[PDB]
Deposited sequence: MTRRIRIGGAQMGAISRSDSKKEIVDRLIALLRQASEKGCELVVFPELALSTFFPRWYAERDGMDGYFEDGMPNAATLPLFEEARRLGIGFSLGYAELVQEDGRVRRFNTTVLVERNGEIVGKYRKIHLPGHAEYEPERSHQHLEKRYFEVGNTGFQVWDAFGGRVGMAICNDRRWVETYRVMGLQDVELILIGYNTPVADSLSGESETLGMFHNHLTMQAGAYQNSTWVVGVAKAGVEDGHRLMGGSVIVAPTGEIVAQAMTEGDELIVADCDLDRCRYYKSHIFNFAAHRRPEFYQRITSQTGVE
């Protein structure tokens, strides 16, 4: 390996409504410390890793602000940032962002990327909000992400970090090909994706579709993909596991074995992204955007 970075996928178990924030942060620090002991330079945390998956509960549009983060970091999450800064490990962390922008209060489903020196690299805000906005009793479970979050205003950004090109996406972003391709057009080499995927109380098909989208996005953009889950049963609601680290070949090189707090580790050579980028997936030599206009013109079918 010529540009190797040891990545830890920090899958989390269930977070309940009755769990305090300190109990949640301590679980993150414990996963952070295990990655340190095994030599990881980057640990990937799930989507909304600082609270239970509250979009499953119905309340006022402002009634979930208790699960949001007033600042990043704040008094509750500072012990995680300082422990990571002491050990020299960067991390990506999903959380519910409460922010004051252009006059009003704004809410985003957000992931922050932090460098080994403790400096915040960048911030991705979720673009594809799934579920619904109003109460729908016809559903077996509510998924009210469109009620508590706004569409992010960052776009699929790619930063110079960890010696390469690092991008971020959140949850159901990973089943849209535009997610990987937009960052692939920014020469991305590592895509970090935390997720919370609800699952019925057979089940291989859901896991098959989960890995299929990430393995294809990795290969077809010749980039590493890290998908870190928040799994388990949260107050009767089951969340999908199967956290993986995917090579730019589409191969799974690390996979979670449990549905609780679990670290997966892989040595990831960023230079392995280079081969397909010069030949089979040489974008500048092969792509013909004059035939792709429907992708950026319309939303539905015609």
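When the deposited sequence is numbered from 1, the one segment without any C-alpha atom is 202-206.
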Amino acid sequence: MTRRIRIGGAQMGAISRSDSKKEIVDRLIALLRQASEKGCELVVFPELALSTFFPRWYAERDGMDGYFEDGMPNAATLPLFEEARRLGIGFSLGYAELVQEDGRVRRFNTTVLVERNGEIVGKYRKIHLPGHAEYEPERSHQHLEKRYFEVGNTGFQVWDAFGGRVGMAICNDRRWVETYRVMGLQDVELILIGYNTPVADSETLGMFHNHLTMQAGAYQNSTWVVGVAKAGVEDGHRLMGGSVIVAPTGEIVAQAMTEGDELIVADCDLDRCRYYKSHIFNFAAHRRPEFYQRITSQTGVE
From here on, numbers count along this sequence of modelled residues.
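Higher mean CA temperature factor, per the PDB entry, when comparing 267-275 with 245-253: 267-275.
Of the two segments, 75-83 and 219-227, the one listed with the higher mean B-factor is 75-83 (C-alpha atoms only).
If you compare the C-alpha temperature factors of 100, 179, 197, 110 in the entry, 100 comes out highest. In the deposited coordinates, the residue among 65, 262, 47, 234 with the greatest CA B-factor is 65. When the modelled residues of the chain are ordered by C-alpha B-factor, residue 29 sits in the middle third. Sorting the modelled residues of the chain by their CA temperature factor places residue 141 in the highest third.
Ranked by Cα temperature factor within the chain, residue 150 sits in the highest third according to the deposited record. When the CA B factors of the chain's modelled residues are split into thirds, the value for residue 126 lands in the middle one. Ranked by Cα temperature factor within the chain, residue 12 sits in the middle third according to the deposited record.
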